[PDB]
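Line order of the protein sequences matches chains F and C. Start counting at 1 in the first sequence, then tack on 254, and there's your number in the deposited numbering. Numbering-wise, the second sequence is residues 1 to 56, 64 to 1118 according to the deposited numbering. Every residue, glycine too, gets a C-beta built ideally from N, C-alpha and C.
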Amino acid sequence: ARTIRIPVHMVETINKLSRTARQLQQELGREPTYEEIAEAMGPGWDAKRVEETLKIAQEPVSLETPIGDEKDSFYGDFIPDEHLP
Amino acid sequence: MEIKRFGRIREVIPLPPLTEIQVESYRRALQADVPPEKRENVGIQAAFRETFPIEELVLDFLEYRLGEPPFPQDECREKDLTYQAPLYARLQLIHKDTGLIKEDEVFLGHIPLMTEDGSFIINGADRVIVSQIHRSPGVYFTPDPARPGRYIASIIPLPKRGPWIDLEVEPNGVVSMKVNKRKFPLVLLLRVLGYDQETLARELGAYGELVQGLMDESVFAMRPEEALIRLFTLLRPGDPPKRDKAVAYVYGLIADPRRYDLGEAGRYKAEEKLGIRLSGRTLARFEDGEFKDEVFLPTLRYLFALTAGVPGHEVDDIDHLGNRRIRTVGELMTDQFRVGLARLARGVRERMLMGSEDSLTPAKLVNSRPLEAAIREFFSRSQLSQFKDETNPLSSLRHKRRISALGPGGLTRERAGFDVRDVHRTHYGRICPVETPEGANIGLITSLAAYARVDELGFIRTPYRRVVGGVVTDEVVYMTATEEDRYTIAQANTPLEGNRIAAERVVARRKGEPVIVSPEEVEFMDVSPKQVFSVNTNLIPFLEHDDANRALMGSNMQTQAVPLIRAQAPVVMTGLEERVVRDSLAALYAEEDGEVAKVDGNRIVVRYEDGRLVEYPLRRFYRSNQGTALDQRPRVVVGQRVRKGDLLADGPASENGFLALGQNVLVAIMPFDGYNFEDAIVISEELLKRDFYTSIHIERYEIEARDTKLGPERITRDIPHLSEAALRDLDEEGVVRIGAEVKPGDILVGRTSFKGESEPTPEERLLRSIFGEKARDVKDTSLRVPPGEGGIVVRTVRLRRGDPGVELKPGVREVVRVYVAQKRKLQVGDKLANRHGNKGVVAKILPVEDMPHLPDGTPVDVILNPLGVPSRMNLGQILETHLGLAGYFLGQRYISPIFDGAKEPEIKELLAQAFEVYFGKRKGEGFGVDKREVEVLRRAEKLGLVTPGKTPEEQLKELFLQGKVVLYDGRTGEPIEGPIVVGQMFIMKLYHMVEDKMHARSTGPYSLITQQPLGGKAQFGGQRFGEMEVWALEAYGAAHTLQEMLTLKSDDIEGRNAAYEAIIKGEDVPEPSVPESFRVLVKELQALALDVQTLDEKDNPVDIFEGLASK
DNA sequence: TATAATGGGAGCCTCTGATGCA
DNA sequence: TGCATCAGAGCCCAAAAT
Ligand SMILES: [Mg+2]
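Right, dumping it as structure tokens:
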């Protein structure tokens, strides 16, 4: 499912974190902080690891993503090239 | 100062709440203030009732509630948060077998709240949801374009709530039904509804040749089950015709209120058109095991009756505003809400299979993510959700009242022809005929008329006064276009003595057609001329004297007016400018009667009758979406007695509670040495000296410091290789200090980033070795002022990670925002306009001594070229100037209403009283007529302006009544050879300012795949030299200029490098090479399995990849 | 790695050219 | 062989896009 492939066990961990955050938001009436997710995940989990796990789980977005209500421009057109001198 | 108001028309009712189209629509959608048991089935409530019960265990909806917003509005804008409320729903899960009931209140996420002024705050930015015009649901009969004597019957439900059905009488004679692009004989569908030949023969027999086209023997032979299965096999080929499957599909197509929704407006229009009563919003019902018809037979009866020409049957005008309705904020949002709810329901059914069929709660069953996403998608990414226009208060008020035919569920721009863009006769009193965009969107984006309101069904209604006998009542009836067509409606200016019509013949409309009529024939009368036009259009004095094409620009440009530090209301107003400020919500008023306790720049404390002490904080120098400064100023003093509704503070662009979009300047209409050419404008340096047309602007700059695989970005004052000169204005932490002046190139926030791992080139190895300095690990990534920007630093916000109350997006250690303000004086290239469509850019700023001046020494402010008037036919600006002249000397301002205004005699009268002040003063001061005044008078009587034989004073007065004066050229001292029109004009500085638009690039950023320069000023972009520009170079035969555009100045990498190096070395630029995008094209065609080969004259391959891509 | 489970779901212009029927 | 019906082809530029 992911453009950047993730090991099945890591996908399992990511999804657990989703369910957990959703539980916390369902009991708390608002999105949880990193720390609240870390308590709910048990020992071994601190706020730093929740953030790092969410960072790893970020999916790319399309270069062909539209800018504007005309069909005339793409997101990639606004990205400079840092490689070529 | 004195305010003299003209006009005799008394308007019995005030303008409606101007944002009610937004505020009331959303109030009805949320029903937040209604206790749940008392809610109507509408909006959010109706969406829940539609989605539930979820059958499969059964999950049922009880009621919903909305909490309080986690953060107030000001806080949301600060923290880039959406202003929203928590949504909960009490749901009960039931096991129909066991009887077990578990009930719980589940949290569904948040829903955005509308602020007091009818807007939203979405991720910190203010947004407006634009209303969408579209075809009303219902049953229409339109003429068949192919076959003249035939018609098409179209049954239209609400968008996404069912298929359209088309009924046609085919050339073969059988009546066909078209659904989802498939056609069949309608007779089959009639048989499924349980109709028999006996009922149909007797019903439709009256229309001779058509009923036989309906008769099909084979269809009547089969019972309703066989006809239903037959239809399912026709509509869904290849799907096995299980009897339960067919019922399900046809039910979903016709009788299901969940899958098929006519409007409530759809139901009324059908009932009214066909003369029946509908039990619901579906075309038929499923009752007692069979299908029972509602709609089809009445539409068929009318369809045949139309083809046959039976009296009382008409085709429908589809651009009539009876058949066109508005979808406001509530309806649009509720639609997306309904969508998110359907997705959530899919998840529920899917969760009702898996897991334990025994232990399940509603909290375990519901995933609210689909709903949150549907709402989040609508507010951020919808086309109807727009960045609020808050250039000046009138901008957002106008934005809230705009009507679009575009957007989801609507017209595209090429697919929209003349019919939709037209001003329909029914736009009268409903949609402004003037205020629409110039260009491609003309007629597609429109504006609600001033007295117009959208009814519950979504139709625009306009007020009229009842007229009984010859007497005009004060009872106003709001009418739709359909009901307006019944009566004879007199114009609002028809003369009245008391409540009686005083004319023997009155001017009225019957179905929009103008006609002369007896007072006995008058059923209603217009409330006001104001009701025909939008609010912006209603702000143009002497509009009756302006050609509509220029009034269009006048309306639209008031939207672009910049709030000025010295802003004033116009000397000629229309009488709407107070109400606009009050509905705008920019200005601050007193709640009840009281006395002012405290007055500050920052706050005003008022003690009311109740004894309670109320404190009003004032918004000071806040940055709008467009960067204009919204700031409120206290207009009262300590100890002042105020009444209810008395002004406390002026908002932006208001002066003592009146809308102030500009300044009142002294204008001379005359050519000036070509600086006036082709709409350019000449202004006096006095305008800058006295700070007229000066405006405050604030720009927001932002920078993130994040974690990298290479180490932390740090926001720091320690930046490699920078002098103390460069760091002077940075604090300890690296943020520029408040009050510092920053110019292009200056550091705003200092930042270091860890250098990507790289091996220093042998040149750097040798350089580092020669100087004996370790190459630092970090690079200077600091945020700097872009080219052309800068100002004074007025604010800094710093947010780190791990400090109370703040959590950033993953990876971001800290975020810094720097707010930079600038006081902008008017300059060359800035754009000015008046309310009549006169617009021009400032081309010259002259010193006061060069400015044309009056005999008494007064220089004019602005010089406008008369060549702009005659082709444009906007004469209102002339009348405004004349009346403005009188007011300049009399020290007064006027209210001249639209179409009932100051007329010429009255303006002449004021001009006469003014001349006494301009001249009689001089004669007493001991000065006689000037020699040059005599010369001007000579040429003037040669022009037929003055009567020969009169005294010099008498002739000067004759010219002054024509609004012309003697004018001296400040360069020479000699007069202008003829008397010139001079007066006070209201002129605005628009949002298009050269400071923002001026841009240039030598080299800069290139694009990833094409290696061509990026676009736009913000990216340091290059100009696009496009197909048409290339044609121009081709037609000139400039081959080398063109080749440069195509290679060295763009994507030729080797070439562009070589050109730069040559120019800094003084060599001529080298011969260009292959453009990189051609290599891209070749490789893209190879990816398409086409071999593209560049060949020489011998037809041998030429390698443009220089060996790199071949093994 | 084992109660049994067996067919989906959304839907709304003009000119030119080839193709399928009198 | 001569004629509908339909599929596929097009529909300004630059600026900007907050
Ligand atoms: Mg374009």
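Residue i lies in the alpha helix (DSSP H); which residues open and close that run?
i, result
"F/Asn269", "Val262 to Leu282"
"C/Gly354", "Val336 to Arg358"
"residue 212 of chain F", "Chain F is shown from 255 up to 339; residue 212 of chain F falls before or after that span and cannot be answered."
"C/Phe967", "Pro959 to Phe967"
"C/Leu197", "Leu193 to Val199"
"C/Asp590", "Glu584 to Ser591"
"C/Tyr275", "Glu271 to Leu281"
Please report the distance separating the alpha-carbon of residue i from that of residue j.
i, j, result
"C/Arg284", "C/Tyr147", "17 angstroms"
"C/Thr443", "C/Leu559", "7 angstroms"
"C/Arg473", "C/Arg49", "41 angstroms"
"C/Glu1041", "C/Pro793", "36 angstroms"
"C/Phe896", "C/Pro955", "27 angstroms"
"C/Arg5", "C/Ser903", "6 angstroms"
"C/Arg1063", "C/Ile852", "41 angstroms"
"F/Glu306", "C/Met361", "32 angstroms"
"C/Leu882", "C/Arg408", "28 angstroms"
"C/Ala497", "C/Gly477", "11 angstroms"
"C/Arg807", "C/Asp607", "34 angstroms"
"C/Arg610", "C/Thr635", "21 angstroms"
"C/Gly951", "C/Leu917", "23 angstroms"
"C/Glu294", "C/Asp223", "26 angstroms"
"C/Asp553", "C/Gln639", "34 angstroms"
"C/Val989", "C/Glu85", "48 angstroms"
Quick check on the DSSP output: the beta strand (DSSP E) that includes residue i runs from which residue to which?
i, result
"C/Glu602", "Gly601 to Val606"
"C/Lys1004", "Run containing C/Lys1004: none in the beta strand (DSSP E); it sits in the alpha helix (DSSP H), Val1001 to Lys1004."
"C/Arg409", "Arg409 to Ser411"
"C/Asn671", "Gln670 to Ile676"
"C/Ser878", "It is not in any beta strand (DSSP E) - C/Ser878 instead sits in the alpha helix (DSSP H) that spans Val876 to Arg879."
"C/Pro470", "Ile467 to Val475"
"C/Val186", "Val182 to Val186"
"C/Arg802", "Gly798 to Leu806"
Is residue i near ligand 1, going by C-beta to nearest heavy atom under 7 angstroms?
i, result
"F/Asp326", "yes"
Flag residue i as yes when its Cβ comes closer than 7 angstroms to any non-hydrogen atom of ligand 2, and as no otherwise.
i, result
"C/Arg84", "Annotation note on ligand 2: not contained in the displayed structure, which lists ligand 1 as its ligands."
For a quick check, are the C-beta atoms of residue i and residue j less than 8 angstroms apart?
i, j, result
"C/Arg516", "C/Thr469", "no"
"C/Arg707", "C/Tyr826", "yes"
"C/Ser1117", "C/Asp1106", "no"
"C/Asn506", "C/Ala132", "no"
"C/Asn841", "C/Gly875", "no"
"C/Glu693", "C/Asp868", "yes"
"C/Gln647", "C/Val612", "no"
"C/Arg758", "C/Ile722", "yes"
"C/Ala568", "C/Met995", "yes"
"C/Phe311", "C/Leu290", "no"
"C/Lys537", "C/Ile905", "yes"
"C/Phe298", "C/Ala262", "yes"
"C/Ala423", "C/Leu451", "yes"
The segment 69-83 of chain C / the segment 3-12 of chain C touching (three or more Cβ pairs under 8 angstroms): no
Touch test, the segment 463-483 of chain C against the segment 267-279 of chain C, Cβ-Cβ under 8 angstroms, three pairs minimum: Result yes; three or more Cβ-Cβ pairs closer than 8 angstroms.
Inter-stretch contact (C-beta, 8 angstroms, three-pair minimum) for the segment 771-779 of chain C and the segment 735-747 of chain C: no
At least three beta-carbon pairs within less than 8 angstroms, the segment 857-877 of chain C to the segment 807-822 of chain C: No, the segment 857-877 of chain C is not in contact with the segment 807-822 of chain C.
Sufficient close CB pairs (3 or more, under 8 angstroms) joining the segment 1052-1061 of chain C to the segment 1077-1093 of chain C: yes
Three-pair Cβ contact test at 8 angstroms for the segment 23-38 of chain C versus the segment 936-944 of chain C: no
Segment contact, 8 angstroms Cβ cut-off, at least three pairs: the segment 101-110 of chain C with the segment 379-392 of chain C: As far as the Cβ criterion goes, the segment 101-110 of chain C does not touch the segment 379-392 of chain C, which means the pair count is below three.
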